[PDB]
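Some notes on the structure that comes next.
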Amino acid sequence: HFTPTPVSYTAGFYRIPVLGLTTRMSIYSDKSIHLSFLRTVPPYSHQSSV
Amino acid sequence: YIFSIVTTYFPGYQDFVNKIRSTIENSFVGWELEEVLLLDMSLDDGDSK
């Protein structure tokens, strides 16, 4: 839950992209704190919605 | 006694509008807001919009 956080905000310090691969935590889904974050695997929200 | 608000994203802005809407209603004095607008400044070439 802590490993992918720094590559998010440190990159966003200049607003440069970071692409995630298999992150499961839903905290990064917010568009404000991590505006420059992307995800490749679906989050838990949609597997709940199914 | 009349005003209108407009803002873009990011400053957790939902709390601002929620608080102002909650506070405006209760008091006896009749504030009458009109045409609240939400604007997206991230749109590319959205100047015409």
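Going by the structure tokens order, chains are called A, B, ..., each with residues numbered from 1, while ligands are numbered from 1 in the order shown.
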
Return the neighbours of chain B among the residues of chain A, cut-off 12 Å, counting only C-alpha atoms, as a PDB file with N, CA, C and O atoms, in the first residue's frame.
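Result went into iface_26.pdb, see below:
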ATOM      1  N   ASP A  30      -8.381   8.765  -7.343  1.00  0.00           N
ATOM      2  CA  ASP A  30      -8.751  10.173  -7.270  1.00  0.00           C
ATOM      3  C   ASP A  30      -8.015  10.980  -8.333  1.00  0.00           C
ATOM      4  O   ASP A  30      -6.839  10.739  -8.620  1.00  0.00           O
ATOM      5  N   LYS A  31      -8.718  11.946  -8.919  1.00  0.00           N
ATOM      6  CA  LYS A  31      -8.151  12.805  -9.948  1.00  0.00           C
ATOM      7  C   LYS A  31      -7.435  14.026  -9.385  1.00  0.00           C
ATOM      8  O   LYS A  31      -6.816  14.768 -10.154  1.00  0.00           O
ATOM      9  N   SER A  32      -7.505  14.258  -8.076  1.00  0.00           N
ATOM     10  CA  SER A  32      -6.904  15.448  -7.480  1.00  0.00           C
ATOM     11  C   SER A  32      -5.491  15.178  -6.965  1.00  0.00           C
ATOM     12  O   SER A  32      -4.534  15.836  -7.386  1.00  0.00           O
ATOM     13  N   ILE A  33      -5.351  14.216  -6.051  1.00  0.00           N
ATOM     14  CA  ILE A  33      -4.055  13.957  -5.433  1.00  0.00           C
ATOM     15  C   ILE A  33      -3.069  13.401  -6.452  1.00  0.00           C
ATOM     16  O   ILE A  33      -1.886  13.762  -6.455  1.00  0.00           O
ATOM     17  N   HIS A  34      -3.537  12.528  -7.338  1.00  0.00           N
ATOM     18  CA  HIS A  34      -2.693  11.822  -8.296  1.00  0.00           C
ATOM     19  C   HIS A  34      -3.199  12.050  -9.712  1.00  0.00           C
ATOM     20  O   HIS A  34      -3.454  11.114 -10.474  1.00  0.00           O
ATOM     21  N   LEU A  35      -3.359  13.327 -10.071  1.00  0.00           N
ATOM     22  CA  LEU A  35      -3.886  13.708 -11.378  1.00  0.00           C
ATOM     23  C   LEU A  35      -3.091  13.107 -12.530  1.00  0.00           C
ATOM     24  O   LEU A  35      -3.647  12.919 -13.619  1.00  0.00           O
TER      25      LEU A  35
END

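Across stretch 5-50 of chain A, DSSP run on the backbone finds helix (DSSP H, G or I) at residues 5, 6, 7, 8, 9, 10, 11, 12, 27, 28, 29, 44, 45, 46, 47, 48 and 49 of chain A.
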
Let's have the selection written as a compact mmCIF listing (two decimals), in the first residue's frame, with N, CA and C atoms.
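Full text of selection_26.txt as output:
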# COMPACT_ATOMS: atom_id res chain seq x y z
N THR A 5 3.27 4.82 -4.01
CA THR A 5 2.97 6.23 -3.74
C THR A 5 4.07 7.19 -4.19
N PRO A 6 5.36 6.97 -3.89
CA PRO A 6 6.34 8.03 -4.20
C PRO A 6 6.53 8.27 -5.68
N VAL A 7 6.48 7.23 -6.51
CA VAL A 7 6.62 7.43 -7.95
C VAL A 7 5.47 8.24 -8.51
N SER A 8 4.37 8.35 -7.76
CA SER A 8 3.26 9.18 -8.21
C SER A 8 3.55 10.66 -7.98
N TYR A 9 3.75 11.05 -6.72
CA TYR A 9 3.85 12.48 -6.42
C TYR A 9 5.21 13.05 -6.82
N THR A 10 6.28 12.25 -6.74
CA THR A 10 7.58 12.75 -7.17
C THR A 10 7.58 13.04 -8.66
N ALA A 11 6.95 12.18 -9.46
CA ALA A 11 6.79 12.46 -10.88
C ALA A 11 5.85 13.63 -11.11
N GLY A 12 4.74 13.70 -10.37
CA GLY A 12 3.82 14.81 -10.52
C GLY A 12 4.38 16.14 -10.08
N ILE A 27 -7.01 3.99 -3.75
CA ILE A 27 -6.75 5.36 -3.33
C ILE A 27 -6.29 6.22 -4.51
N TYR A 28 -5.49 5.65 -5.41
CA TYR A 28 -4.95 6.41 -6.52
C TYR A 28 -6.00 6.79 -7.56
N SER A 29 -7.22 6.26 -7.45
CA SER A 29 -8.27 6.56 -8.42
C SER A 29 -8.65 8.04 -8.42
N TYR A 44 -11.09 -2.24 -7.84
CA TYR A 44 -12.09 -3.07 -7.16
C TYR A 44 -13.50 -2.54 -7.36
N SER A 45 -13.65 -1.27 -7.74
CA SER A 45 -14.98 -0.68 -7.89
C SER A 45 -15.78 -1.40 -8.97
N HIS A 46 -15.17 -1.67 -10.12
CA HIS A 46 -15.91 -2.30 -11.21
C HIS A 46 -16.14 -3.79 -10.97
N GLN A 47 -15.20 -4.48 -10.33
CA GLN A 47 -15.48 -5.86 -9.96
C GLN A 47 -16.53 -5.96 -8.87
N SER A 48 -16.76 -4.88 -8.11
CA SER A 48 -17.96 -4.82 -7.28
C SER A 48 -19.20 -4.54 -8.12
N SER A 49 -19.09 -3.63 -9.09
CA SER A 49 -20.23 -3.24 -9.91
C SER A 49 -20.76 -4.38 -10.76

For this session: Please identify which residues in chain B DSSP calls strand (DSSP E or B) from the backbone, and express them as a PyMOL selection string.
Result: chain B and resi 6-7+37-38

For this session: Using atom CA of residue B:1 and atom CA of residue B:23 as the two end points, give the distance in Å to one decimal.
Result: 14.3 Å

Problem set entry | Point-to-point distance from atom CA of residue B:4 to atom CA of residue B:40, Å rounded to tenths | 16.9 Å

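Computed from the coordinates, the atom CA of residue B:18 to atom CA of residue B:30 distance equals 18.0 Å.
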